[PDB]
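Before any comments, here is the structure.
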Amino acid sequence: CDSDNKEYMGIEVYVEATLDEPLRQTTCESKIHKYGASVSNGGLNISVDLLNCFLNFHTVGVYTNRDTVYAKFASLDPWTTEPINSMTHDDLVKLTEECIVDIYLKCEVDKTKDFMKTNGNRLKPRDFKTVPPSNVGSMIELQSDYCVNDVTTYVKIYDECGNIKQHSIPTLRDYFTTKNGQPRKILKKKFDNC
């Protein structure tokens, strides 16, 4: 955080997708690649590519409940995790103006897996928390697929040196949902590892 001038940013991308049948029990598989990541879980492959963002994900968590798959792509401690999410100031300017979080859903419902067992609902309304509104329009681009009834997505890109440097980079937020008349909420429960 010692203006090289390098900037250090973090990123969280949340994807929630409700499918058209109750979920089948699957084995989770995730892959992090250069400026993106993907996860195959619950009958859906969710892929996130970061276009002109100059940022890498470090972790993918998942959740599955009823008919809904959740994924959280995130960065971790930025000074101890490889690859380091640092960038020049000119690259941060381009991130600010041009970063797109390109989300792609692919249905992969597998009839060789039985339906998830369901006792009592493992999620409850007070597991979802409101998030602030978008401050960057059209940062999220989403492609859905036929088996998906609704998708919700949220991105937060933030300064890791904000508390610290003497100045801070504005947090960039966007939110997109196919749902109508629903509050701006995301699952805040701790996700499972993939």
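Naming works like this for the structure tokens: A, B, ... for the chains as they're shown, residue 1 at the start of each chain, ligands 1 onward in shown order.
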
With a distance cut-off of 7 Å and only C-alpha atoms, select the neighbouring residues of region 49-62 of chain A, excluding the residue or stretch itself and same-chain residues fewer than 4 positions from it, and output the selection as a JSON list (two decimals) with N, CA, C and O atoms, in the first residue's frame.
[["chain", "number", "residue", "atom", "x", "y", "z"],
["A", 30, "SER", "N", -14.74, -26.76, -8.71],
["A", 30, "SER", "CA", -14.46, -25.38, -9.11],
["A", 30, "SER", "C", -13.07, -25.25, -9.72],
["A", 30, "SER", "O", -12.17, -26.05, -9.43],
["A", 32, "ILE", "N", -10.31, -22.02, -10.80],
["A", 32, "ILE", "CA", -9.94, -20.60, -10.90],
["A", 32, "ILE", "C", -8.95, -20.52, -12.03],
["A", 32, "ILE", "O", -7.99, -21.30, -12.06],
["A", 34, "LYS", "N", -7.19, -17.50, -15.17],
["A", 34, "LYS", "CA", -6.69, -16.12, -15.22],
["A", 34, "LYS", "C", -7.84, -15.16, -15.47],
["A", 34, "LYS", "O", -8.52, -15.23, -16.49],
["A", 35, "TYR", "N", -8.06, -14.27, -14.50],
["A", 35, "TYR", "CA", -9.19, -13.32, -14.50],
["A", 35, "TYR", "C", -10.56, -13.97, -14.62],
["A", 35, "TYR", "O", -11.46, -13.47, -15.31],
["A", 36, "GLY", "N", -10.73, -15.12, -13.98],
["A", 36, "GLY", "CA", -12.04, -15.70, -13.89],
["A", 36, "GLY", "C", -12.04, -16.95, -13.06],
["A", 36, "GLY", "O", -11.02, -17.34, -12.50],
["A", 37, "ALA", "N", -13.19, -17.60, -13.02],
["A", 37, "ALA", "CA", -13.39, -18.79, -12.24],
["A", 37, "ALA", "C", -14.74, -19.41, -12.61],
["A", 37, "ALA", "O", -15.63, -18.74, -13.13],
["A", 70, "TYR", "N", -26.10, -21.38, -4.99],
["A", 70, "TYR", "CA", -25.41, -20.12, -4.67],
["A", 70, "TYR", "C", -23.93, -20.33, -4.90],
["A", 70, "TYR", "O", -23.42, -21.39, -4.58],
["A", 71, "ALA", "N", -23.25, -19.29, -5.41],
["A", 71, "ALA", "CA", -21.78, -19.26, -5.51],
["A", 71, "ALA", "C", -21.25, -17.88, -5.10],
["A", 71, "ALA", "O", -21.85, -16.84, -5.38],
["A", 72, "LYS", "N", -20.10, -17.87, -4.46],
["A", 72, "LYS", "CA", -19.45, -16.64, -4.05],
["A", 72, "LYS", "C", -18.01, -16.81, -4.52],
["A", 72, "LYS", "O", -17.31, -17.73, -4.08],
["A", 73, "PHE", "N", -17.62, -15.99, -5.49],
["A", 73, "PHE", "CA", -16.24, -15.95, -5.95],
["A", 73, "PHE", "C", -15.57, -14.76, -5.24],
["A", 73, "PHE", "O", -16.09, -13.65, -5.25],
["A", 74, "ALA", "N", -14.43, -14.99, -4.59],
["A", 74, "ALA", "CA", -13.81, -13.91, -3.83],
["A", 74, "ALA", "C", -12.31, -13.98, -3.85],
["A", 74, "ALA", "O", -11.69, -15.01, -4.16],
["A", 75, "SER", "N", -11.73, -12.85, -3.49],
["A", 75, "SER", "CA", -10.33, -12.75, -3.14],
["A", 75, "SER", "C", -10.18, -12.91, -1.62],
["A", 75, "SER", "O", -11.13, -12.69, -0.87],
["A", 76, "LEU", "N", -8.99, -13.33, -1.20],
["A", 76, "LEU", "CA", -8.65, -13.53, 0.20],
["A", 76, "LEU", "C", -7.58, -12.50, 0.61],
["A", 76, "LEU", "O", -7.28, -11.57, -0.15],
["A", 85, "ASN", "N", -3.26, -9.51, -5.92],
["A", 85, "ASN", "CA", -4.13, -8.57, -6.63],
["A", 85, "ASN", "C", -3.64, -7.14, -6.53],
["A", 85, "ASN", "O", -4.22, -6.30, -5.82],
["A", 87, "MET", "N", -2.00, -3.81, -9.07],
["A", 87, "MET", "CA", -2.12, -3.27, -10.42],
["A", 87, "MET", "C", -1.61, -1.83, -10.41],
["A", 87, "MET", "O", -1.56, -1.20, -9.36],
["A", 94, "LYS", "N", -8.68, 2.25, -15.76],
["A", 94, "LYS", "CA", -9.39, 1.36, -16.70],
["A", 94, "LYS", "C", -10.36, 0.41, -16.00],
["A", 94, "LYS", "O", -11.47, 0.19, -16.47],
["A", 95, "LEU", "N", -9.96, -0.16, -14.86],
["A", 95, "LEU", "CA", -10.92, -0.96, -14.10],
["A", 95, "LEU", "C", -12.17, -0.13, -13.82],
["A", 95, "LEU", "O", -13.30, -0.53, -14.15],
["A", 98, "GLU", "N", -14.06, 0.57, -17.24],
["A", 98, "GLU", "CA", -14.27, -0.49, -18.22],
["A", 98, "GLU", "C", -14.46, -1.92, -17.69],
["A", 98, "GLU", "O", -14.80, -2.82, -18.45],
["A", 99, "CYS", "N", -14.24, -2.15, -16.40],
["A", 99, "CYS", "CA", -14.37, -3.51, -15.86],
["A", 99, "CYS", "C", -15.80, -4.04, -16.03],
["A", 99, "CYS", "O", -16.80, -3.37, -15.72],
["A", 100, "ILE", "N", -15.90, -5.25, -16.57],
["A", 100, "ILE", "CA", -17.16, -5.93, -16.76],
["A", 100, "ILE", "C", -17.00, -7.30, -16.12],
["A", 100, "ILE", "O", -15.95, -7.95, -16.25],
["A", 101, "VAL", "N", -18.03, -7.70, -15.39],
["A", 101, "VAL", "CA", -18.11, -9.00, -14.73],
["A", 101, "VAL", "C", -19.09, -9.80, -15.54],
["A", 101, "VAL", "O", -20.30, -9.52, -15.49],
["A", 102, "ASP", "N", -18.56, -10.74, -16.33],
["A", 102, "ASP", "CA", -19.28, -11.43, -17.39],
["A", 102, "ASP", "C", -19.67, -12.81, -16.84],
["A", 102, "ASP", "O", -18.81, -13.68, -16.64],
["A", 103, "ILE", "N", -20.96, -12.99, -16.56],
["A", 103, "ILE", "CA", -21.45, -14.19, -15.90],
["A", 103, "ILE", "C", -22.22, -15.06, -16.88],
["A", 103, "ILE", "O", -23.05, -14.57, -17.62],
["A", 191, "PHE", "N", -20.52, -19.81, 3.29],
["A", 191, "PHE", "CA", -20.66, -20.81, 2.25],
["A", 191, "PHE", "C", -19.76, -22.01, 2.54],
["A", 191, "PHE", "O", -18.82, -21.91, 3.32],
["A", 192, "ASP", "N", -20.06, -23.12, 1.88],
["A", 192, "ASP", "CA", -19.26, -24.32, 1.96],
["A", 192, "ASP", "C", -18.13, -24.24, 0.96],
["A", 192, "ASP", "O", -18.25, -23.56, -0.05],
["A", 193, "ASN", "N", -17.04, -24.95, 1.23],
["A", 193, "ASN", "CA", -15.89, -25.00, 0.34],
["A", 193, "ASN", "C", -16.24, -25.82, -0.88],
["A", 193, "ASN", "O", -17.10, -26.71, -0.81],
["A", 194, "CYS", "N", -15.59, -25.52, -1.99],
["A", 194, "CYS", "CA", -15.70, -26.36, -3.17],
["A", 194, "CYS", "C", -14.32, -26.89, -3.59],
["A", 194, "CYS", "O", -13.67, -26.34, -4.47]]

- Item | Contact residues around residue 5 (chain A) with only C-alpha atoms at 12 Å, ignoring same-chain residues under 5 positions, as an MDAnalysis selection string | chainID A and resid 86:92 165

- Query: For the atom pair CA of residue 66 (chain A) and CA of residue 105 (chain A), what is the interatomic distance in Å to one decimal place?
  - Reply: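 Between CA of residue 66 (chain A) and CA of residue 105 (chain A) the gap is 18.4 Å.
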
Would you mind listing, for every residue of region 66-94 of chain A within 8 Å of region 18-22 of chain A, the two atoms forming the shortest contact and the distance between them in Å to one decimal, using only C-alpha atoms, sorted by chain and ascending residue number, as JSON lines?
{"residue": "A:66", "atom": "CA", "partner": "A:22", "partner_atom": "CA", "distance": 5.7}
{"residue": "A:67", "atom": "CA", "partner": "A:22", "partner_atom": "CA", "distance": 4.3}
{"residue": "A:68", "atom": "CA", "partner": "A:18", "partner_atom": "CA", "distance": 4.1}
{"residue": "A:69", "atom": "CA", "partner": "A:18", "partner_atom": "CA", "distance": 6.4}

If you run DSSP on the backbone here, which positions in region 91-190 of chain A get strand (DSSP E or B)? Please write them as a PDB file with N, CA and C atoms, in the first residue's frame.
ATOM      1  N   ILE A 100     -15.896  -5.250 -16.571  1.00  0.00           N
ATOM      2  CA  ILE A 100     -17.156  -5.933 -16.761  1.00  0.00           C
ATOM      3  C   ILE A 100     -16.998  -7.298 -16.118  1.00  0.00           C
ATOM      4  N   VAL A 101     -18.026  -7.702 -15.387  1.00  0.00           N
ATOM      5  CA  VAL A 101     -18.111  -9.000 -14.728  1.00  0.00           C
ATOM      6  C   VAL A 101     -19.094  -9.797 -15.543  1.00  0.00           C
ATOM      7  N   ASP A 102     -18.557 -10.735 -16.333  1.00  0.00           N
ATOM      8  CA  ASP A 102     -19.279 -11.430 -17.385  1.00  0.00           C
ATOM      9  C   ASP A 102     -19.669 -12.810 -16.835  1.00  0.00           C
ATOM     10  N   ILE A 103     -20.964 -12.987 -16.563  1.00  0.00           N
ATOM     11  CA  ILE A 103     -21.451 -14.191 -15.904  1.00  0.00           C
ATOM     12  C   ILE A 103     -22.221 -15.059 -16.875  1.00  0.00           C
ATOM     13  N   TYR A 104     -21.932 -16.352 -16.861  1.00  0.00           N
ATOM     14  CA  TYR A 104     -22.500 -17.290 -17.818  1.00  0.00           C
ATOM     15  C   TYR A 104     -22.980 -18.567 -17.100  1.00  0.00           C
ATOM     16  N   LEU A 105     -24.248 -18.902 -17.302  1.00  0.00           N
ATOM     17  CA  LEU A 105     -24.846 -20.055 -16.658  1.00  0.00           C
ATOM     18  C   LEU A 105     -25.077 -21.155 -17.681  1.00  0.00           C
ATOM     19  N   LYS A 106     -24.737 -22.392 -17.318  1.00  0.00           N
ATOM     20  CA  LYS A 106     -24.923 -23.541 -18.178  1.00  0.00           C
ATOM     21  C   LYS A 106     -25.571 -24.663 -17.363  1.00  0.00           C
ATOM     22  N   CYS A 107     -26.727 -25.123 -17.839  1.00  0.00           N
ATOM     23  CA  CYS A 107     -27.450 -26.217 -17.198  1.00  0.00           C
ATOM     24  C   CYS A 107     -26.752 -27.552 -17.445  1.00  0.00           C
ATOM     25  N   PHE A 115     -32.160 -36.693  -5.978  1.00  0.00           N
ATOM     26  CA  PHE A 115     -32.507 -35.391  -5.416  1.00  0.00           C
ATOM     27  C   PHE A 115     -31.921 -35.207  -4.011  1.00  0.00           C
ATOM     28  N   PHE A 128     -30.416 -13.877   4.856  1.00  0.00           N
ATOM     29  CA  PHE A 128     -30.196 -12.933   3.788  1.00  0.00           C
ATOM     30  C   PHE A 128     -30.178 -11.497   4.336  1.00  0.00           C
ATOM     31  N   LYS A 129     -29.244 -10.702   3.818  1.00  0.00           N
ATOM     32  CA  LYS A 129     -28.983  -9.352   4.289  1.00  0.00           C
ATOM     33  C   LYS A 129     -29.107  -8.415   3.095  1.00  0.00           C
ATOM     34  N   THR A 130     -29.595  -7.209   3.327  1.00  0.00           N
ATOM     35  CA  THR A 130     -29.666  -6.203   2.266  1.00  0.00           C
ATOM     36  C   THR A 130     -28.250  -5.741   1.921  1.00  0.00           C
ATOM     37  N   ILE A 140     -22.278  -5.672 -14.469  1.00  0.00           N
ATOM     38  CA  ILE A 140     -22.657  -7.088 -14.646  1.00  0.00           C
ATOM     39  C   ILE A 140     -23.352  -7.340 -15.985  1.00  0.00           C
ATOM     40  N   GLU A 141     -22.825  -8.308 -16.736  1.00  0.00           N
ATOM     41  CA  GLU A 141     -23.464  -8.873 -17.919  1.00  0.00           C
ATOM     42  C   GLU A 141     -23.738 -10.340 -17.589  1.00  0.00           C
ATOM     43  N   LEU A 142     -24.962 -10.795 -17.845  1.00  0.00           N
ATOM     44  CA  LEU A 142     -25.397 -12.158 -17.509  1.00  0.00           C
ATOM     45  C   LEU A 142     -26.012 -12.884 -18.707  1.00  0.00           C
ATOM     46  N   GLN A 143     -25.548 -14.113 -18.964  1.00  0.00           N
ATOM     47  CA  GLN A 143     -26.203 -15.093 -19.840  1.00  0.00           C
ATOM     48  C   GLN A 143     -26.769 -16.232 -18.973  1.00  0.00           C
ATOM     49  N   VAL A 148     -32.993 -22.378 -15.612  1.00  0.00           N
ATOM     50  CA  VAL A 148     -32.901 -21.375 -14.585  1.00  0.00           C
ATOM     51  C   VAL A 148     -34.173 -20.526 -14.604  1.00  0.00           C
ATOM     52  N   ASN A 149     -34.883 -20.497 -13.480  1.00  0.00           N
ATOM     53  CA  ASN A 149     -36.088 -19.669 -13.324  1.00  0.00           C
ATOM     54  C   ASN A 149     -35.757 -18.213 -13.005  1.00  0.00           C
ATOM     55  N   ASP A 150     -34.760 -17.981 -12.147  1.00  0.00           N
ATOM     56  CA  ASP A 150     -34.370 -16.622 -11.777  1.00  0.00           C
ATOM     57  C   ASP A 150     -32.909 -16.635 -11.432  1.00  0.00           C
ATOM     58  N   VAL A 151     -32.241 -15.533 -11.751  1.00  0.00           N
ATOM     59  CA  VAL A 151     -30.864 -15.290 -11.304  1.00  0.00           C
ATOM     60  C   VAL A 151     -30.722 -13.955 -10.584  1.00  0.00           C
ATOM     61  N   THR A 152     -29.863 -13.937  -9.567  1.00  0.00           N
ATOM     62  CA  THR A 152     -29.476 -12.713  -8.890  1.00  0.00           C
ATOM     63  C   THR A 152     -27.952 -12.696  -8.764  1.00  0.00           C
ATOM     64  N   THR A 153     -27.376 -11.511  -8.898  1.00  0.00           N
ATOM     65  CA  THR A 153     -25.929 -11.358  -8.944  1.00  0.00           C
ATOM     66  C   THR A 153     -25.599 -10.047  -8.314  1.00  0.00           C
ATOM     67  N   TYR A 154     -24.442 -10.011  -7.677  1.00  0.00           N
ATOM     68  CA  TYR A 154     -23.989  -8.845  -7.005  1.00  0.00           C
ATOM     69  C   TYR A 154     -22.462  -8.859  -7.050  1.00  0.00           C
ATOM     70  N   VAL A 155     -21.885  -7.700  -7.347  1.00  0.00           N
ATOM     71  CA  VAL A 155     -20.428  -7.512  -7.348  1.00  0.00           C
ATOM     72  C   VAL A 155     -20.045  -6.390  -6.430  1.00  0.00           C
ATOM     73  N   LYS A 156     -18.959  -6.580  -5.666  1.00  0.00           N
ATOM     74  CA  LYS A 156     -18.340  -5.533  -4.844  1.00  0.00           C
ATOM     75  C   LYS A 156     -16.833  -5.589  -5.115  1.00  0.00           C
ATOM     76  N   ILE A 157     -16.274  -4.483  -5.608  1.00  0.00           N
ATOM     77  CA  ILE A 157     -14.822  -4.330  -5.886  1.00  0.00           C
ATOM     78  C   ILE A 157     -14.349  -3.169  -5.055  1.00  0.00           C
ATOM     79  N   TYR A 158     -13.374  -3.439  -4.196  1.00  0.00           N
ATOM     80  CA  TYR A 158     -13.032  -2.546  -3.142  1.00  0.00           C
ATOM     81  C   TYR A 158     -11.519  -2.400  -2.976  1.00  0.00           C
ATOM     82  N   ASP A 159     -11.131  -1.332  -2.274  1.00  0.00           N
ATOM     83  CA  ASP A 159      -9.754  -1.000  -1.995  1.00  0.00           C
ATOM     84  C   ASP A 159      -9.291  -1.819  -0.799  1.00  0.00           C
ATOM     85  N   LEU A 172     -16.745  -0.167  -5.920  1.00  0.00           N
ATOM     86  CA  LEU A 172     -17.607  -0.319  -7.088  1.00  0.00           C
ATOM     87  C   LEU A 172     -18.580  -1.455  -6.854  1.00  0.00           C
ATOM     88  N   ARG A 173     -19.876  -1.165  -7.008  1.00  0.00           N
ATOM     89  CA  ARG A 173     -20.922  -2.125  -6.754  1.00  0.00           C
ATOM     90  C   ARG A 173     -21.891  -2.213  -7.914  1.00  0.00           C
ATOM     91  N   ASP A 174     -22.299  -3.427  -8.247  1.00  0.00           N
ATOM     92  CA  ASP A 174     -23.436  -3.587  -9.133  1.00  0.00           C
ATOM     93  C   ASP A 174     -24.309  -4.754  -8.703  1.00  0.00           C
ATOM     94  N   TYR A 175     -25.589  -4.658  -9.033  1.00  0.00           N
ATOM     95  CA  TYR A 175     -26.548  -5.675  -8.673  1.00  0.00           C
ATOM     96  C   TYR A 175     -27.487  -5.901  -9.838  1.00  0.00           C
ATOM     97  N   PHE A 176     -27.682  -7.151 -10.223  1.00  0.00           N
ATOM     98  CA  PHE A 176     -28.643  -7.488 -11.260  1.00  0.00           C
ATOM     99  C   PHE A 176     -29.468  -8.666 -10.797  1.00  0.00           C
ATOM    100  N   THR A 177     -30.782  -8.601 -11.015  1.00  0.00           N
ATOM    101  CA  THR A 177     -31.639  -9.751 -10.768  1.00  0.00           C
ATOM    102  C   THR A 177     -32.694  -9.824 -11.857  1.00  0.00           C
ATOM    103  N   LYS A 185     -31.195  -8.324  -1.566  1.00  0.00           N
ATOM    104  CA  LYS A 185     -30.612  -9.139  -0.497  1.00  0.00           C
ATOM    105  C   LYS A 185     -29.718 -10.212  -1.085  1.00  0.00           C
ATOM    106  N   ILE A 186     -28.679 -10.601  -0.346  1.00  0.00           N
ATOM    107  CA  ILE A 186     -27.854 -11.756  -0.681  1.00  0.00           C
ATOM    108  C   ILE A 186     -27.709 -12.658   0.531  1.00  0.00           C
ATOM    109  N   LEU A 187     -27.469 -13.944   0.290  1.00  0.00           N
ATOM    110  CA  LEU A 187     -27.228 -14.890   1.372  1.00  0.00           C
ATOM    111  C   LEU A 187     -25.946 -14.518   2.089  1.00  0.00           C
TER     112      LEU A 187
END

- Message: What's around residue 25 (chain A) at 9 Å? Count only C-alpha atoms, leave out sequence neighbours fewer than 3 positions away in its own chain, and write the answer as a list in words.
- Response: residues 41, 42, 43, 113, 114, 115, 116 and 117 of chain A

Expected file: the selected residues, N, CA, C and O atoms, as a PDB file, in the first residue's frame:
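Done, and the output landed in again_2.pdb:
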ATOM      1  N   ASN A  41     -21.883 -27.258  -9.793  1.00  0.00           N
ATOM      2  CA  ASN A  41     -22.502 -27.687  -8.555  1.00  0.00           C
ATOM      3  C   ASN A  41     -24.001 -27.579  -8.666  1.00  0.00           C
ATOM      4  O   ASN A  41     -24.508 -26.595  -9.192  1.00  0.00           O
ATOM      5  N   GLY A  42     -24.701 -28.590  -8.170  1.00  0.00           N
ATOM      6  CA  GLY A  42     -26.149 -28.531  -8.004  1.00  0.00           C
ATOM      7  C   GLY A  42     -26.975 -28.597  -9.276  1.00  0.00           C
ATOM      8  O   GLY A  42     -28.175 -28.331  -9.235  1.00  0.00           O
ATOM      9  N   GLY A  43     -26.331 -28.931 -10.397  1.00  0.00           N
ATOM     10  CA  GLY A  43     -26.973 -28.958 -11.706  1.00  0.00           C
ATOM     11  C   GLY A  43     -26.687 -27.755 -12.591  1.00  0.00           C
ATOM     12  O   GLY A  43     -27.244 -27.646 -13.693  1.00  0.00           O
ATOM     13  N   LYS A 113     -27.748 -38.635 -10.584  1.00  0.00           N
ATOM     14  CA  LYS A 113     -27.735 -38.261  -9.168  1.00  0.00           C
ATOM     15  C   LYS A 113     -29.142 -38.065  -8.638  1.00  0.00           C
ATOM     16  O   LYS A 113     -29.959 -37.434  -9.276  1.00  0.00           O
ATOM     17  N   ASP A 114     -29.402 -38.591  -7.454  1.00  0.00           N
ATOM     18  CA  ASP A 114     -30.699 -38.447  -6.827  1.00  0.00           C
ATOM     19  C   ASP A 114     -30.911 -37.025  -6.297  1.00  0.00           C
ATOM     20  O   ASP A 114     -29.964 -36.251  -6.180  1.00  0.00           O
ATOM     21  N   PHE A 115     -32.160 -36.693  -5.978  1.00  0.00           N
ATOM     22  CA  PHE A 115     -32.507 -35.391  -5.416  1.00  0.00           C
ATOM     23  C   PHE A 115     -31.921 -35.207  -4.011  1.00  0.00           C
ATOM     24  O   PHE A 115     -31.849 -36.157  -3.241  1.00  0.00           O
ATOM     25  N   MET A 116     -31.481 -33.984  -3.699  1.00  0.00           N
ATOM     26  CA  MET A 116     -31.026 -33.638  -2.347  1.00  0.00           C
ATOM     27  C   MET A 116     -32.091 -33.994  -1.311  1.00  0.00           C
ATOM     28  O   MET A 116     -33.276 -33.703  -1.507  1.00  0.00           O
ATOM     29  N   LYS A 117     -31.666 -34.622  -0.214  1.00  0.00           N
ATOM     30  CA  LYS A 117     -32.559 -34.880   0.916  1.00  0.00           C
ATOM     31  C   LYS A 117     -32.948 -33.549   1.536  1.00  0.00           C
ATOM     32  O   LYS A 117     -32.118 -32.637   1.624  1.00  0.00           O
TER      33      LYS A 117
END

- Item | Point-to-point distance in Å for CA of residue 13 (chain A) and CA of residue 65 (chain A) |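 If I compute the distance from CA of residue 65 (chain A) to CA of residue 13 (chain A), I get 18.8 Å.
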
- Item | Given only C-alpha atoms as the counted atoms, nearest of A:47, A:17, A:189, A:164 to residue 125 (chain A) |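 Counting only C-alpha atoms, the residue closest to residue 125 (chain A) is A:189.
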